[PDB]
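One structure below.
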Amino acid sequence: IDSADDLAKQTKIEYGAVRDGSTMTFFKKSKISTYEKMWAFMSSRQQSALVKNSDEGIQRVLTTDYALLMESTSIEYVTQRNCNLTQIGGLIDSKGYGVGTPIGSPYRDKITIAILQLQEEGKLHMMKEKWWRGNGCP
Amino acid sequence: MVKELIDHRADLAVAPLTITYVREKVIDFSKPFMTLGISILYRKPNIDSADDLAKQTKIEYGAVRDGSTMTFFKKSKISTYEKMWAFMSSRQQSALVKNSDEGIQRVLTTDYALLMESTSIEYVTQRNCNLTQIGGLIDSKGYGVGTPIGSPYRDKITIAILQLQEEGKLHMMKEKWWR
């Protein structure tokens with residue numbers, strides 16, 4: 001099992017994500033039948049396949065057979081901080097994350113030029129390295 | 001090609017293009033002389049139908065950018081084709097290749113499948129021995145050469161290529177580059 005399709009070949013391992021998740025947003029707004037049927041499964045029994053936060057979901061992952069869907073960086077960090085947990089499957093979907101800005105906000109230009117300065121100077125690589133550092137796993 | 005032919009700024013567009021139902025209303029196609037259809041290519045580590053690949057994504061697959069298979073997939077009503085369409089559209093188009101050579105490199109490095117016209121598949125098969133055409137055609141559709149809509153020269157071109165057709169010159173013509 002290295003993606004959701006062996007969890008589409010068989011469905012008896014209950015799976016879900018965190019409530020108000022962008023993932024489930026994508027599941028419901030996609031017209032792919034496979035991810036729509038994942039949406040159908042997770043909606044069932046009063047939508048108990050959504051969890052109020054990441055931490056209860058990950059600790060249910062430790063004991064119950066819970067296939068949990070989250071973003072990449074958290075998975076990488078938890079794997080670097082725990083070798084008793086190893087991710088399952090590669091990248092199921094790629095989406096970019098931007099900076100939240102009010103609609104009509106006149107602050108767009110200044111923050112845009114500032115982040116252009118950041119990307120041309122490339123300290124973002126340093127801050128990615130600083131916190132997402134790990135020690136691997138044997 | 002399509003916008004140039006609609007604007008009638010290019011007299012001819014001899015790039016090969018299949019005959020589909022939706023682009024017959026903007027340009028004139030020539031009568032098909034070679035049959036074609038969508039087919040799948042498999043890389044070997046040295047699938048049994050479209051439906052089988054429709055129920056798994058463990059093996060990466062794609063299509064050439066801006067083709068007819070994508071539009072066929074969106075316009076179909078059975079689960080296989082729309083699943084193909086949505087997987088093509090998802091992943092932010094990363095399962096698709098902008099050019100055919102990108103798909104070729106994908107096939108060479110890892111197990112990559114393409115949903116494209118058959119003669120490309122058997123072209124790669126005849127020019128690469130680590131792969132072979134899988135099964136037969138899934139559909140059949142026309143073939144033609146891009147010509148301006150309502151262009152009188154189109155009739156003369158069709159007559160000339162037909163006259164080439166009875167003599168069978170194009171058969172051995174395609175054969176000498178089938179070697």
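Just so we're on the same page: first chain in the structure tokens is A, next is B, and so on; residues restart at 1 for each chain, and ligands are numbered from 1 in the order they show up.
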
Residue neighbourhood stretch 77-90 of chain B, 7 Å, only C-alpha atoms, exclusion window fewer than 4 positions, as a list in words: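 Final neighbour list, sorted by chain and number: residues 31, 32 and 33 of chain A; 51, 54, 62, 70, 73, 95 and 96 of chain B.
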
Selection above as a file: N, CA and C atoms, as a PDB file, in the first residue's frame:
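So again_11.pdb came out as:
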ATOM      1  N   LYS A  31     -14.348  16.087  -8.863  1.00  0.00           N
ATOM      2  CA  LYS A  31     -15.328  15.206  -9.479  1.00  0.00           C
ATOM      3  C   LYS A  31     -14.729  13.860  -9.873  1.00  0.00           C
ATOM      4  N   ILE A  32     -13.523  13.563  -9.405  1.00  0.00           N
ATOM      5  CA  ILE A  32     -13.000  12.202  -9.398  1.00  0.00           C
ATOM      6  C   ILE A  32     -13.872  11.311  -8.525  1.00  0.00           C
ATOM      7  N   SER A  33     -14.263  10.163  -9.082  1.00  0.00           N
ATOM      8  CA  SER A  33     -15.146   9.248  -8.365  1.00  0.00           C
ATOM      9  C   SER A  33     -14.447   8.618  -7.168  1.00  0.00           C
TER      10      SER A  33
ATOM     11  N   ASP B  51      -9.787  -0.189 -18.012  1.00  0.00           N
ATOM     12  CA  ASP B  51     -10.549  -0.235 -16.768  1.00  0.00           C
ATOM     13  C   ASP B  51      -9.666  -0.622 -15.587  1.00  0.00           C
ATOM     14  N   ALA B  54      -7.951   2.128 -14.512  1.00  0.00           N
ATOM     15  CA  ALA B  54      -8.914   3.087 -13.979  1.00  0.00           C
ATOM     16  C   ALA B  54      -9.109   2.916 -12.475  1.00  0.00           C
ATOM     17  N   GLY B  62       0.002   9.431 -17.970  1.00  0.00           N
ATOM     18  CA  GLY B  62      -0.349  10.770 -18.393  1.00  0.00           C
ATOM     19  C   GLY B  62      -0.692  10.820 -19.865  1.00  0.00           C
ATOM     20  N   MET B  70      -7.953  14.186 -23.664  1.00  0.00           N
ATOM     21  CA  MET B  70      -8.435  14.934 -22.506  1.00  0.00           C
ATOM     22  C   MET B  70      -9.880  15.384 -22.718  1.00  0.00           C
ATOM     23  N   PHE B  73     -12.175  12.483 -22.583  1.00  0.00           N
ATOM     24  CA  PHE B  73     -12.390  12.071 -21.204  1.00  0.00           C
ATOM     25  C   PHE B  73     -13.421  12.958 -20.519  1.00  0.00           C
ATOM     26  N   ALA B  95       1.013  15.072 -13.521  1.00  0.00           N
ATOM     27  CA  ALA B  95       0.902  13.765 -14.150  1.00  0.00           C
ATOM     28  C   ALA B  95       0.891  13.853 -15.668  1.00  0.00           C
ATOM     29  N   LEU B  96       0.790  15.056 -16.220  1.00  0.00           N
ATOM     30  CA  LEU B  96       0.850  15.296 -17.651  1.00  0.00           C
ATOM     31  C   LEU B  96       2.222  15.822 -18.050  1.00  0.00           C
TER      32      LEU B  96
END

Got a sec to pull out which chain B residues are within 7 Å of chain A, counting only C-alpha atoms, and send them as number ranges by chain? B: 56-58, 83, 86, 91-92

Can you check which residues of stretch 25-135 of chain A DSSP gives as strand (DSSP E or B) on the backbone and send them as a list in words? residues 50, 51, 67 and 68 of chain A

Kindly export the residues of the current selection with C-alpha atoms, as a PDB file, in the first residue's frame.
ATOM      1  CA  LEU A  50     -12.889  14.315  11.041  1.00  0.00           C
ATOM      2  CA  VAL A  51     -10.969  15.256  14.177  1.00  0.00           C
ATOM      3  CA  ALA A  67      -5.312   6.291   7.668  1.00  0.00           C
ATOM      4  CA  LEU A  68      -4.720   9.997   8.270  1.00  0.00           C
TER       5      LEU A  68
END

Coordinates-based distance that separates atom CA of residue B:106 from atom CA of residue A:79 (Å, one decimal):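 These two atoms are separated by 29.1 Å.
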
Would you list the contacts of residue A:75 as a PyMOL selection string, taking every protein, DNA or RNA residue within 12 Å and counting only C-alpha atoms, but skipping same-chain residues closer than 3 positions in sequence? chain A and resi 54+58+68-72+78-83+85-91+132

Create the file for the chosen residues now, containing N, CA, C and O atoms and written as a PDB file, in the first residue's frame.
ATOM      1  N   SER A  54      -4.889  18.103  14.869  1.00  0.00           N
ATOM      2  CA  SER A  54      -3.942  17.123  14.352  1.00  0.00           C
ATOM      3  C   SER A  54      -3.540  16.097  15.407  1.00  0.00           C
ATOM      4  O   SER A  54      -3.355  14.915  15.085  1.00  0.00           O
ATOM      5  N   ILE A  58      -3.223  11.998  15.195  1.00  0.00           N
ATOM      6  CA  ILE A  58      -1.964  11.264  15.114  1.00  0.00           C
ATOM      7  C   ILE A  58      -1.862  10.241  16.242  1.00  0.00           C
ATOM      8  O   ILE A  58      -1.280   9.166  16.065  1.00  0.00           O
ATOM      9  N   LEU A  68      -4.576   8.569   8.030  1.00  0.00           N
ATOM     10  CA  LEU A  68      -4.720   9.997   8.270  1.00  0.00           C
ATOM     11  C   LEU A  68      -4.102  10.790   7.127  1.00  0.00           C
ATOM     12  O   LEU A  68      -2.984  10.494   6.693  1.00  0.00           O
ATOM     13  N   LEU A  69      -4.833  11.789   6.643  1.00  0.00           N
ATOM     14  CA  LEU A  69      -4.401  12.626   5.531  1.00  0.00           C
ATOM     15  C   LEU A  69      -4.046  14.011   6.057  1.00  0.00           C
ATOM     16  O   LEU A  69      -4.904  14.704   6.614  1.00  0.00           O
ATOM     17  N   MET A  70      -2.787  14.410   5.871  1.00  0.00           N
ATOM     18  CA  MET A  70      -2.316  15.742   6.224  1.00  0.00           C
ATOM     19  C   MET A  70      -1.275  16.191   5.210  1.00  0.00           C
ATOM     20  O   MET A  70      -0.971  15.488   4.240  1.00  0.00           O
ATOM     21  N   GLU A  71      -0.721  17.375   5.449  1.00  0.00           N
ATOM     22  CA  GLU A  71       0.258  17.966   4.553  1.00  0.00           C
ATOM     23  C   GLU A  71       1.640  17.355   4.782  1.00  0.00           C
ATOM     24  O   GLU A  71       1.883  16.629   5.750  1.00  0.00           O
ATOM     25  N   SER A  72       2.555  17.661   3.861  1.00  0.00           N
ATOM     26  CA  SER A  72       3.841  16.971   3.822  1.00  0.00           C
ATOM     27  C   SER A  72       4.734  17.360   4.996  1.00  0.00           C
ATOM     28  O   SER A  72       5.310  16.490   5.656  1.00  0.00           O
ATOM     29  N   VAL A  78       7.345  14.936  11.942  1.00  0.00           N
ATOM     30  CA  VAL A  78       7.031  13.897  12.919  1.00  0.00           C
ATOM     31  C   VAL A  78       7.858  12.642  12.661  1.00  0.00           C
ATOM     32  O   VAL A  78       8.262  11.956  13.608  1.00  0.00           O
ATOM     33  N   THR A  79       8.131  12.314  11.393  1.00  0.00           N
ATOM     34  CA  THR A  79       9.005  11.180  11.110  1.00  0.00           C
ATOM     35  C   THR A  79      10.430  11.450  11.579  1.00  0.00           C
ATOM     36  O   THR A  79      11.104  10.543  12.081  1.00  0.00           O
ATOM     37  N   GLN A  80      10.908  12.686  11.422  1.00  0.00           N
ATOM     38  CA  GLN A  80      12.231  13.025  11.935  1.00  0.00           C
ATOM     39  C   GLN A  80      12.272  13.052  13.456  1.00  0.00           C
ATOM     40  O   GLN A  80      13.341  12.842  14.039  1.00  0.00           O
ATOM     41  N   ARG A  81      11.137  13.301  14.109  1.00  0.00           N
ATOM     42  CA  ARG A  81      11.068  13.315  15.563  1.00  0.00           C
ATOM     43  C   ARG A  81      10.578  12.001  16.152  1.00  0.00           C
ATOM     44  O   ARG A  81      10.539  11.869  17.380  1.00  0.00           O
ATOM     45  N   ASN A  82      10.207  11.031  15.319  1.00  0.00           N
ATOM     46  CA  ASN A  82       9.736   9.742  15.813  1.00  0.00           C
ATOM     47  C   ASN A  82      10.030   8.682  14.764  1.00  0.00           C
ATOM     48  O   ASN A  82       9.549   8.781  13.631  1.00  0.00           O
ATOM     49  N   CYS A  83      10.809   7.671  15.145  1.00  0.00           N
ATOM     50  CA  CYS A  83      11.092   6.534  14.280  1.00  0.00           C
ATOM     51  C   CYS A  83      10.158   5.360  14.534  1.00  0.00           C
ATOM     52  O   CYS A  83      10.296   4.318  13.885  1.00  0.00           O
ATOM     53  N   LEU A  85       7.064   5.786  13.844  1.00  0.00           N
ATOM     54  CA  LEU A  85       6.043   6.093  12.854  1.00  0.00           C
ATOM     55  C   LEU A  85       6.741   6.396  11.535  1.00  0.00           C
ATOM     56  O   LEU A  85       7.676   7.202  11.497  1.00  0.00           O
ATOM     57  N   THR A  86       6.290   5.751  10.461  1.00  0.00           N
ATOM     58  CA  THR A  86       6.842   5.975   9.133  1.00  0.00           C
ATOM     59  C   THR A  86       5.703   6.192   8.149  1.00  0.00           C
ATOM     60  O   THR A  86       4.743   5.418   8.125  1.00  0.00           O
ATOM     61  N   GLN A  87       5.830   7.230   7.327  1.00  0.00           N
ATOM     62  CA  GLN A  87       4.767   7.612   6.408  1.00  0.00           C
ATOM     63  C   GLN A  87       4.447   6.483   5.429  1.00  0.00           C
ATOM     64  O   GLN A  87       5.256   5.585   5.182  1.00  0.00           O
ATOM     65  N   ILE A  88       3.242   6.544   4.870  1.00  0.00           N
ATOM     66  CA  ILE A  88       2.750   5.546   3.927  1.00  0.00           C
ATOM     67  C   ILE A  88       2.459   6.242   2.606  1.00  0.00           C
ATOM     68  O   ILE A  88       1.569   7.099   2.533  1.00  0.00           O
ATOM     69  N   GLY A  89       3.200   5.876   1.571  1.00  0.00           N
ATOM     70  CA  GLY A  89       2.958   6.390   0.242  1.00  0.00           C
ATOM     71  C   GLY A  89       3.614   7.737  -0.005  1.00  0.00           C
ATOM     72  O   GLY A  89       4.010   8.457   0.911  1.00  0.00           O
ATOM     73  N   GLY A  90       3.711   8.084  -1.286  1.00  0.00           N
ATOM     74  CA  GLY A  90       4.364   9.312  -1.689  1.00  0.00           C
ATOM     75  C   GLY A  90       3.473  10.530  -1.570  1.00  0.00           C
ATOM     76  O   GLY A  90       2.740  10.677  -0.588  1.00  0.00           O
ATOM     77  N   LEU A  91       3.519  11.408  -2.569  1.00  0.00           N
ATOM     78  CA  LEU A  91       2.775  12.661  -2.550  1.00  0.00           C
ATOM     79  C   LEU A  91       1.461  12.453  -3.292  1.00  0.00           C
ATOM     80  O   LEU A  91       1.451  12.236  -4.508  1.00  0.00           O
ATOM     81  N   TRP A 132      13.073  22.081  10.385  1.00  0.00           N
ATOM     82  CA  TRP A 132      12.793  20.754   9.856  1.00  0.00           C
ATOM     83  C   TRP A 132      14.003  19.837   9.891  1.00  0.00           C
ATOM     84  O   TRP A 132      13.989  18.784   9.241  1.00  0.00           O
TER      85      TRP A 132
END

Please return, as number ranges by chain, all residues of chain A that DSSP assigns to alpha helix (DSSP H) on the basis of the backbone. A: 6-9, 22-29, 33-47, 54-63, 72-81, 108-121, 124-131

Selection near stretch 29-46 of chain B, 9 Å with only C-alpha atoms, sequence-local residues under 3 positions removed, as a PyMOL selection string: chain B and resi 17-19+24+49-50+69+107-108+110-119+121-122+124-125+130-149+154-155+157-158+161-162+165

Given the selection you just returned, output its residues as a file containing N, CA and C atoms, formatted as a tab-separated table (two decimals), in the first residue's frame.
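Written file, again-v4.tsv:
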chain	number	residue	atom	x	y	z
B	17	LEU	N	-3.11	15.88	-37.59
B	17	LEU	CA	-4.14	16.00	-36.57
B	17	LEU	C	-5.30	15.07	-36.91
B	18	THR	N	-5.79	14.35	-35.91
B	18	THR	CA	-6.91	13.44	-36.10
B	18	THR	C	-8.21	14.21	-36.31
B	19	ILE	N	-9.22	13.51	-36.83
B	19	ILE	CA	-10.53	14.09	-37.07
B	19	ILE	C	-11.40	13.79	-35.86
B	24	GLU	N	-14.56	19.59	-36.34
B	24	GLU	CA	-15.02	19.60	-37.73
B	24	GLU	C	-15.80	20.86	-38.09
B	49	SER	N	-6.16	-3.74	-19.24
B	49	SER	CA	-7.18	-2.99	-19.96
B	49	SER	C	-7.18	-1.58	-19.38
B	50	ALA	N	-7.94	-0.69	-20.03
B	50	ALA	CA	-8.08	0.67	-19.52
B	50	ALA	C	-8.79	0.68	-18.18
B	69	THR	N	-7.54	13.29	-26.26
B	69	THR	CA	-7.94	12.32	-25.24
B	69	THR	C	-8.52	13.03	-24.02
B	107	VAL	N	8.91	7.40	-19.29
B	107	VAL	CA	8.86	5.97	-19.57
B	107	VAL	C	10.23	5.34	-19.37
B	108	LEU	N	11.29	6.02	-19.80
B	108	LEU	CA	12.63	5.45	-19.69
B	108	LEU	C	13.08	5.35	-18.24
B	110	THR	N	11.21	5.53	-15.29
B	110	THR	CA	10.32	4.74	-14.45
B	110	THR	C	9.17	4.18	-15.27
B	111	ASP	N	8.25	3.48	-14.62
B	111	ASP	CA	7.10	2.90	-15.32
B	111	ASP	C	6.02	3.97	-15.54
B	112	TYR	N	5.98	4.49	-16.77
B	112	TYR	CA	5.07	5.57	-17.14
B	112	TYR	C	4.24	5.13	-18.34
B	113	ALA	N	2.94	5.39	-18.29
B	113	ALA	CA	2.03	5.06	-19.37
B	113	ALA	C	1.47	6.34	-19.99
B	114	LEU	N	1.20	6.30	-21.29
B	114	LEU	CA	0.63	7.44	-21.99
B	114	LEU	C	-0.64	7.01	-22.73
B	115	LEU	N	-1.66	7.87	-22.67
B	115	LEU	CA	-2.92	7.66	-23.38
B	115	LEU	C	-2.87	8.53	-24.63
B	116	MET	N	-2.43	7.94	-25.74
B	116	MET	CA	-2.20	8.69	-26.96
B	116	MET	C	-2.51	7.77	-28.14
B	117	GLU	N	-2.35	8.30	-29.35
B	117	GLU	CA	-2.67	7.57	-30.56
B	117	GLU	C	-1.76	6.35	-30.71
B	118	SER	N	-2.28	5.32	-31.38
B	118	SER	CA	-1.62	4.02	-31.41
B	118	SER	C	-0.29	4.05	-32.16
B	119	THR	N	-0.26	4.70	-33.33
B	119	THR	CA	0.95	4.65	-34.15
B	119	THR	C	2.16	5.20	-33.41
B	121	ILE	N	2.58	4.61	-30.22
B	121	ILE	CA	2.93	3.50	-29.34
B	121	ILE	C	3.72	2.44	-30.10
B	122	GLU	N	3.23	2.03	-31.27
B	122	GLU	CA	3.98	1.04	-32.03
B	122	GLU	C	5.23	1.63	-32.70
B	124	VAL	N	7.26	3.69	-30.95
B	124	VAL	CA	8.21	3.50	-29.86
B	124	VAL	C	8.53	2.01	-29.69
B	125	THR	N	7.53	1.15	-29.91
B	125	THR	CA	7.76	-0.29	-29.83
B	125	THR	C	8.76	-0.76	-30.88
B	130	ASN	N	12.39	-2.56	-25.08
B	130	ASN	CA	12.06	-2.75	-23.68
B	130	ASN	C	10.59	-2.45	-23.39
B	131	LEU	N	9.75	-2.45	-24.42
B	131	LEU	CA	8.35	-2.07	-24.31
B	131	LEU	C	7.61	-2.57	-25.54
B	132	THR	N	6.30	-2.70	-25.40
B	132	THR	CA	5.47	-3.26	-26.47
B	132	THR	C	4.06	-2.69	-26.33
B	133	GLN	N	3.37	-2.60	-27.46
B	133	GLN	CA	1.98	-2.15	-27.47
B	133	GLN	C	1.11	-3.15	-26.71
B	134	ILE	N	0.25	-2.63	-25.83
B	134	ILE	CA	-0.60	-3.44	-24.97
B	134	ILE	C	-1.99	-3.52	-25.56
B	135	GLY	N	-2.46	-4.74	-25.82
B	135	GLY	CA	-3.80	-4.96	-26.32
B	135	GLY	C	-4.01	-4.36	-27.70
B	136	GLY	N	-5.27	-4.01	-27.96
B	136	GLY	CA	-5.64	-3.38	-29.21
B	136	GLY	C	-6.16	-1.97	-29.02
B	137	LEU	N	-6.81	-1.43	-30.04
B	137	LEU	CA	-7.37	-0.09	-29.95
B	137	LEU	C	-8.51	-0.06	-28.93
B	138	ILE	N	-8.62	1.05	-28.20
B	138	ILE	CA	-9.79	1.28	-27.36
B	138	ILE	C	-10.91	1.96	-28.13
B	139	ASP	N	-10.58	2.83	-29.08
B	139	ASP	CA	-11.57	3.45	-29.95
B	139	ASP	C	-10.95	3.62	-31.33
B	140	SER	N	-11.73	4.17	-32.25
B	140	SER	CA	-11.25	4.51	-33.58
B	140	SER	C	-11.81	5.86	-33.98
B	141	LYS	N	-10.98	6.68	-34.62
B	141	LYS	CA	-11.36	8.03	-35.01
B	141	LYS	C	-10.62	8.40	-36.28
B	142	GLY	N	-11.12	9.42	-36.97
B	142	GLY	CA	-10.63	9.77	-38.27
B	142	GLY	C	-9.25	10.41	-38.23
B	143	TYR	N	-8.71	10.62	-39.43
B	143	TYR	CA	-7.39	11.20	-39.62
B	143	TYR	C	-7.43	12.15	-40.82
B	144	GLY	N	-6.70	13.25	-40.72
B	144	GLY	CA	-6.75	14.24	-41.77
B	144	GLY	C	-5.65	15.27	-41.60
B	145	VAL	N	-5.63	16.22	-42.54
B	145	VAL	CA	-4.65	17.29	-42.57
B	145	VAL	C	-5.39	18.62	-42.41
B	146	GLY	N	-4.85	19.49	-41.57
B	146	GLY	CA	-5.50	20.77	-41.32
B	146	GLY	C	-5.55	21.63	-42.57
B	147	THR	N	-6.74	22.07	-42.94
B	147	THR	CA	-6.98	22.92	-44.09
B	147	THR	C	-7.95	24.02	-43.69
B	148	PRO	N	-7.91	25.17	-44.37
B	148	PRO	CA	-8.88	26.23	-44.06
B	148	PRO	C	-10.31	25.78	-44.32
B	149	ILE	N	-11.23	26.30	-43.50
B	149	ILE	CA	-12.63	25.94	-43.63
B	149	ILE	C	-13.19	26.51	-44.92
B	154	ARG	N	-8.74	22.69	-50.69
B	154	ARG	CA	-8.90	21.45	-49.94
B	154	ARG	C	-9.41	20.33	-50.84
B	155	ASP	N	-10.36	20.64	-51.73
B	155	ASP	CA	-10.88	19.62	-52.64
B	155	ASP	C	-9.80	19.09	-53.56
B	157	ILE	N	-6.54	19.11	-52.99
B	157	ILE	CA	-5.60	18.34	-52.18
B	157	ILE	C	-6.16	16.95	-51.89
B	158	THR	N	-7.45	16.87	-51.57
B	158	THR	CA	-8.08	15.57	-51.33
B	158	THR	C	-8.06	14.71	-52.58
B	161	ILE	N	-4.40	13.45	-53.04
B	161	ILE	CA	-4.01	12.42	-52.08
B	161	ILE	C	-4.80	11.14	-52.32
B	162	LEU	N	-6.05	11.24	-52.77
B	162	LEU	CA	-6.79	10.04	-53.17
B	162	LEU	C	-6.11	9.35	-54.34
B	165	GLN	N	-3.64	7.49	-53.28
B	165	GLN	CA	-4.14	6.38	-52.48
B	165	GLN	C	-4.39	5.13	-53.32

Please, what distance in Å, to one decimal, runs between atom CA of residue B:150 and atom CA of residue B:15?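 That distance, rounded to one decimal, is 18.7 Å.
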
What's the separation between atom CA of residue B:16 and atom CA of residue B:178, in Å to one decimal place?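 Atom-to-atom, atom CA of residue B:16 to atom CA of residue B:178, that is 16.8 Å.
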
Which residues are close to residue B:1, i.e. within 7 Å by only C-alpha atoms, leaving aside same-chain residues fewer than 3 positions away? Reply as a VMD selection string. chain B and resid 4 to 5 13

Keeping only N, CA and C atoms, take the residues you just selected and write them out as a CSV table (one decimal), in the first residue's frame.
chain,number,residue,atom,x,y,z
B,4,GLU,N,-4.9,30.1,-36.1
B,4,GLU,CA,-4.3,30.6,-37.4
B,4,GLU,C,-5.2,30.2,-38.6
B,5,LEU,N,-5.8,29.0,-38.6
B,5,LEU,CA,-6.7,28.5,-39.7
B,5,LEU,C,-8.0,29.3,-39.6
B,13,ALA,N,-1.7,24.0,-42.8
B,13,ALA,CA,-1.2,23.5,-41.6
B,13,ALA,C,-1.0,22.0,-41.7
